[PDB]
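Chemist: Handing you this structure, nothing more for now.
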2 protein chains.
Amino acid sequence: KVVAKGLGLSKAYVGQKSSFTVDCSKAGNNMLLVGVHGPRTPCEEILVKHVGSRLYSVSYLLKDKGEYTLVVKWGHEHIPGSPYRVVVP
Amino acid sequence: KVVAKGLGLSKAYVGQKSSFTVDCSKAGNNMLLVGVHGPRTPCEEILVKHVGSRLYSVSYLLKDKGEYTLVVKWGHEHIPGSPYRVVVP
């Protein structure tokens, strides 16, 4: 009952914040875990903000071209669509 | 082989950013995940930054008093000390 949306689920660009949301309004009081895995150059930054009504706005910053793995877990289980493949040109 | 350090592992105050570091320099190329579980009001913000050489800075922001659980995982296993109990006055 958790739903992710946004451009950052699939794309990011060097040096620019990529954004997506995770809507947990229809879920309970569990723990959200978000990470972006760069197997060579790590993700530079990731920010997860609760903006109200159990909507979370996520922004992350990548430094290098290539494929990254975006993981979004709710109670330690992948939300639908996770793990996501993120491509940086 | 991951080591976390800092006051933010055990102390946080409403409205004030709480910080710690996570040293993954002696670990491999696995994935790092950080969560702050409030049984009630969610964590407002969590910011994770790779500061270089596989050291990471973490800052988080809470909006209500109470007991929180801070989770730091490396390849989906808890790092030593995780889960951390954080009591906000």
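All residue numbers here begin at 1 and follow the chain in the order shown.
Note: Cβ is positioned from N, Cα and C throughout, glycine not excepted.
According to Swiss-Prot, the feature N6-acetyllysine maps to B:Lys11, B:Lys17, B:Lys49, B:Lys63. Taken from Swiss-Prot, the feature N6-succinyllysine applies to B:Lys11, supported by similarity to another entry. The phosphothreonine feature in Swiss-Prot is assigned to B:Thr41.
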Chemist: In sequence order, which residues at least six apart in the same chain have a CB under 8 Å from the CB of B:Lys17 (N6-acetyllysine)?
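Modeler: The answer is B:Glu45, B:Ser59, B:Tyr60, B:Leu61.
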Chemist: From the Cα of B:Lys11 (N6-acetyllysine) across to the Cα of B:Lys63 (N6-acetyllysine), what is the distance in angstrom?
Modeler: 14
Chemist: What's the CA to CA span in angstrom from B:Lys11 (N6-acetyllysine) over to B:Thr41 (phosphothreonine)?
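Modeler: Approximately 17 Å lies between the Cα of B:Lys11 (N6-acetyllysine) and that of B:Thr41 (phosphothreonine).
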Chemist: Quick one: of the modified residues B:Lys11, B:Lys17, B:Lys49, which have a CB under 8 A from chain A's CB atoms?
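Modeler: Near chain A: B:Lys49.
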Chemist: Output the one of B:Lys11, B:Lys49, B:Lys63 that, of all these modified residues, has the highest number of other Cβ atoms within 10 Å of its Cβ.
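Modeler: Per the Cβ count within 10 Å, the most buried is B:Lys49.
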Chemist: Where does B:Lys11 (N6-acetyllysine) sit by DSSP, helix, strand or coil?
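Modeler: B:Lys11 (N6-acetyllysine) sits in a strand per DSSP.
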